[PDB]
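There are 2 protein chains.
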Amino acid sequence: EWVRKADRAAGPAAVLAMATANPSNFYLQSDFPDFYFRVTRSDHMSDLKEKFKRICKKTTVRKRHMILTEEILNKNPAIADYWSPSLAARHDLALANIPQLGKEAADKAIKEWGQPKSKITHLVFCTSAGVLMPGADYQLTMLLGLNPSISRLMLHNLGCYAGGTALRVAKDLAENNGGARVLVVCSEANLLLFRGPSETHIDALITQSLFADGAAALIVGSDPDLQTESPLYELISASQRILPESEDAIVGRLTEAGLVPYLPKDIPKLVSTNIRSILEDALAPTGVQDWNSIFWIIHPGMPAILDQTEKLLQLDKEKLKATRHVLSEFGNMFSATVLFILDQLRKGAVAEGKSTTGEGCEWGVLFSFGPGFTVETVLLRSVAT
Amino acid sequence: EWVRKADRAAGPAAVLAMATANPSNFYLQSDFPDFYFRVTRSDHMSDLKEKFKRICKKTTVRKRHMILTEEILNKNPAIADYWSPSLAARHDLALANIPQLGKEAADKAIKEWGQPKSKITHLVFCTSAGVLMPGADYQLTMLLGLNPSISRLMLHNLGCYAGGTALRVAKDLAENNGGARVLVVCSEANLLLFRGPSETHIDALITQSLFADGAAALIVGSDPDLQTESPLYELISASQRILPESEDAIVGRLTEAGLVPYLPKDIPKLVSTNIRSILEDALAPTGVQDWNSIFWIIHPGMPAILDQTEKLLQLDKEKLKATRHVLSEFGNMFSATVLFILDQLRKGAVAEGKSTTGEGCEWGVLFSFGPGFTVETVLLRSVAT
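For the protein sequence lines, the chains are A and A', in the order given. A prime marks a further copy of an entry chain. All the letters of the first sequence, read from the start, carry residue numbers 7 to 391 under the deposited numbering. All the letters of the second sequence, read from the start, carry residue numbers 7 to 391 under the deposited numbering.
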C-alpha cells in the first residue's frame, strides 16, 4: 500500500550534525578528593576521604568540567553542605548556565550543518540540572534567535536515559513533517546533585565521583538535500522499556536541598540480565548475528556495567573505545553523555580513516538507562565517508 | 508523490476517547476565603481577607476539587505557610496522588475506548504538580499494567499550555507509527502552588483563587478500526508560538518552598493583540471566514481573557459555553483544563443532540497558553454523531 506524501517526510530520520560543549572550568580526577573535601568544609572526615579517593580512582575518570568553581561555591555555601536549603540558588545557577551551555553546542552543530537557523522548525531540550518556567528550551530559542513558532519539547528530570529519549522524539518529529529540521540539545550539570559528604550516606558519595557538566546538540532531519547536507547517522528504530523486577532501582527525590539519589538495587546485574535480548530485539531486522559487526554506544553511568557487558557479549575491546574515552575525559554528563560518545565515535572514525561513520561497521546500537528502571535503545545505521 | 506505507499510519491523528477525574474533596468558592484564611493561620489579615473575597467572586468559579484537606494541611503545616521549606512534603503528596488521579481518568477513557490496554503503545504524561524520578508516567504504567515497552514522554512543569503540547506530541506519535495508540494524560494539582497569604505578595493571592486539581485522559490514534473505535475529533494541525514582546510575562520559580509565580506583564492585552492572526493562521486551510462557524476551546486561566476575546471576535455567547462551565465547576486545572473543556463540549453536543461532536460546527480551534509567553494552537475537526 501507498499514501500521499502530503506534508510528511519520505525517509528515515537522520543525524545531520553534532557538536559538544563544556564549561571552561574542569577538575582533574586526581585532584578532586582534595578539592571536594576542602571546599565542603569536610577535611575532618578522614576515613570518608580515604573511601572517596578509592572510589574516584576506580571510576576510571580523568577530568570533569563543572560550572561550580570554588568561588561560586563560596558565594553559595548551602550548595556545599550535605543537606541545606538551596534549591533557589541551584536554579539561579541553572538559569545563568544551562541555556548558555546549550547555545555553545548548538552554535557549533549549526555551523557544521551549514544551513540558516530559520530552517530549524523543532527543538527538543533535555535537562536534569534545574526545572525552569519558562524552560531552558525557551531561553535557548531566545539566545539563538530561532523562529518564535518553533515546536519545542522541554524534558525536565527524566534522568540519564534522556539522550535516547531525545533521539526517539526527534525521530517522529522529522519523519512526520516534511522539511522539518530538529535541533536536539541535552544540556546537563551537577547543579542539583552536588552536595557535601556525610558518613550516613554513601549512595551520595559515589554520585559525587562521576557526574559532570556538558551539552550536546544535534540536527536531526529526514529527506536530506544531499548537496547541502551530509548525513552522519540514520535513526532506524528507537524504543523504551521498563526492566522486569526493577521497582525503585534508581530513585531521585527533588527536595529543598536539591536532587538526592537512592540506589537500592544492583544496577549492573539488572543490565547484565536483560541487555542481550533487548539488543537482539533491536538488531532483529538487520540480520546481524556477530556482536562485533556493529558499533557501540553505551551510557557509561557505571563503569562496571561497561566491563561486564564487554565480557558477556565477548566484545572486542576496541568496540567501547569511544564510550570509554568520553567517560575518562568528561565523566557522566547525564543525558548528554551518549551524544558525546556518538560524536567522539564519528570523529575517531574520520581520524583513523575508516569506511563508515560507524567505524567501518554498518549497523550500531545506542543503549542508555536510568530511573524506572528504564532503558532507551536506538538502532543506528552509519553512512559511508 | 507517494511513499510506501511501511510502518507508518495513513491518516490524521484522531481523538478516540476522553474522560476526566477529580479528587473527592472539593471546596465551594463561596466558602473558600473562610477556609483559606482559617487553615493558613491567617484570619488576622482582615483587609487581605476582604481583598481575597473580592477576587474569589470575580473568578466566576463555583467549586474546585483539591487533594489538600484540612487534615492533610494539618499534617504538613509548612505547606500552609506563605514561604516555608516544604518541597519534599509536597512531592510526597504528588507521588501518592498524581499517578492515581491519572489512573482514574485513564480507566474511564480506556473503558469508553473498548480495546485492551495492551494495544496502548505510547504514553504522554503532563504534570506541573511535582517533579518525580521516575516520573508519574512510570507510576501510571505500573498501576495500569501497561506494556513495559510502551514509549513514554514525561513532561514536567511546562505549565498551563501543556494540554495543547500533549495533543501536538500525540499527533506525531500516532501518524508516524501504524497501529500506535497513545494514552494522553494530564494530571494536575496545586500541590506546588498552594501557600499562605502575605500582604507583600498579591500575585500569589490571585493564584490561590483559581488553580485546582484534576486529570484528563485521552486515547489518540490514526487509522481507526471503524467497527471497534468511534473517532471523536481529528487533530489536523498543532503549533506552538512565543508571542512577541512577552519576555518574562509568566515566570515560575521552583524553590525550597515550592512553586512561586511572577506575573509582571498584562496577559489579557498580550492575548488580545495576537489571538486573531494566530487563529487566522490555524483556520487558513479550512476556508472558514465566520468566527461563529467553528467550535471553541480556550484555556480559561484568566476569565477576563475569555470576555475580551468573546468581544473582539464578536462571538456568540454560546460558543464559550463548554469553556465557562469547566471554569465554574472545576477552576483552572493547569494543563488538564482544555481537555476537560473538550470533553464537556463533546458531552454537551450529544446531550443537546447536535449534528457533530463539535456542536454542529465542522471545524474548531483549541487555544492554550502559559510561560514564554507561549501559545499552543490545535485545529480540530468534529465527527458526525
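Every residue gets a Cβ at the ideal spot worked out from N, C-alpha and C, and that includes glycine.
At 8 Å on the CB atoms, spell out the chain D contacts of residue i, in chain order.
i                 : result
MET160 (chain A') : Absent here is chain D; the protein component of the structure consists of chains A and A'.
Rounded to whole angstroms, what's the CA-CA distance from residue i to residue j? Just pull it up for me.
i                 : j                 : result
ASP231 (chain A)  : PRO18 (chain A)   : 13 Å
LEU173 (chain A)  : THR66 (chain A')  : 44 Å
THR46 (chain A)   : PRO203 (chain A)  : 8 Å
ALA186 (chain A)  : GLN145 (chain A)  : 21 Å
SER334 (chain A') : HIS305 (chain A') : 13 Å
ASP53 (chain A)   : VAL191 (chain A)  : 40 Å
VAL188 (chain A)  : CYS166 (chain A)  : 21 Å
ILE104 (chain A)  : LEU260 (chain A)  : 18 Å
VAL277 (chain A') : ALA255 (chain A') : 11 Å
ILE303 (chain A') : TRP8 (chain A)    : 35 Å
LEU164 (chain A)  : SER90 (chain A)   : 24 Å
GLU286 (chain A') : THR383 (chain A') : 11 Å
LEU129 (chain A') : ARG96 (chain A')  : 24 Å
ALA328 (chain A)  : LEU152 (chain A') : 36 Å
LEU312 (chain A)  : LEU319 (chain A)  : 11 Å
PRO122 (chain A') : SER48 (chain A)   : 56 Å
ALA15 (chain A')  : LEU159 (chain A') : 20 Å
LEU224 (chain A') : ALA94 (chain A')  : 30 Å
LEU74 (chain A')  : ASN82 (chain A)   : 34 Å
Can you tell me which of the three DSSP states residue i falls into?
i                 : result
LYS11 (chain A)   : coil
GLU251 (chain A)  : coil
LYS69 (chain A')  : strand
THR329 (chain A)  : helix
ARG187 (chain A)  : strand
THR363 (chain A)  : coil
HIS97 (chain A')  : helix
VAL226 (chain A') : strand
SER36 (chain A')  : helix
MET148 (chain A') : helix
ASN31 (chain A)   : coil
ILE126 (chain A)  : coil
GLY108 (chain A') : helix
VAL381 (chain A)  : strand
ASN338 (chain A') : strand
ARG352 (chain A') : helix
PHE41 (chain A')  : helix
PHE200 (chain A)  : coil
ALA19 (chain A)   : coil
Can you name the start and end residues of the alpha helix (DSSP H) that residue i belongs to?
i                    : result
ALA168 (chain A')    : 168 to 181
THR315 (chain A')    : 309 to 318
residue 6 (chain A') : Since the displayed chain A' opens at 7 and closes at 391, residue 6 (chain A') lies outside it and no answer follows.
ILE208 (chain A')    : Element bounds for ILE208 (chain A'): n/a, residue is neither H nor E.
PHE58 (chain A)      : 52 to 64
Determine the burial state of residue i: buried for a count of at least 16 other Cβ atoms within 10 Å of its Cβ, exposed for fewer.
i                   : result
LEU34 (chain A')    : exposed
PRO237 (chain A)    : buried
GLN350 (chain A)    : buried
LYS11 (chain A')    : exposed
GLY370 (chain A')   : buried
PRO291 (chain A)    : exposed
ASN183 (chain A')   : buried
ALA221 (chain A')   : buried
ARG352 (chain A')   : buried
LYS323 (chain A')   : exposed
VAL356 (chain A')   : exposed
residue 2 (chain A) : Lying outside 7 to 391, the shown extent of chain A, residue 2 (chain A) is not represented and no answer is given.
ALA390 (chain A)    : exposed
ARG330 (chain A)    : buried
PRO39 (chain A)     : buried
Mind checking which residues open and close the beta strand (DSSP E) that includes residue i?
i                 : result
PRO267 (chain A') : 264 to 268
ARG259 (chain A') : 257 to 261
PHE375 (chain A)  : 369 to 376
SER157 (chain A)  : 157 to 162
* Would you say the segment 212 to 226 of chain A touches the segment 56 to 65 of chain A, given that touching needs at least three Cβ pairs under 8 Å? -> yes
* Asked: Using 8 Å as the threshold, is the segment 25 to 45 of chain A' in touch with the segment 109 to 126 of chain A', meaning 3 or more CB pairs across them?
  -> yes
* When the Cβ atoms of the segment 166 to 177 of chain A are set against those of the segment 239 to 252 of chain A, are three or more pairs found closer than 8 Å? -> yes
* Asked: Do the segment 366 to 382 of chain A and the segment 137 to 156 of chain A' touch if we need at least three Cβ pairs shorter than 8 Å?
  -> yes
* Inter-stretch contact at 8 Å, needing at least 3 Cβ pairs: the segment 268 to 276 of chain A / the segment 339 to 356 of chain A -> no
* For the segment 347 to 365 of chain A and the segment 193 to 207 of chain A, state whether three or more C-beta atom pairs, one from each stretch, are separated by less than 8 Å. => no
* Would you check if there are 3 or more beta carbon pairs closer than 8 Å linking the segment 283 to 299 of chain A' to the segment 353 to 366 of chain A'? => no
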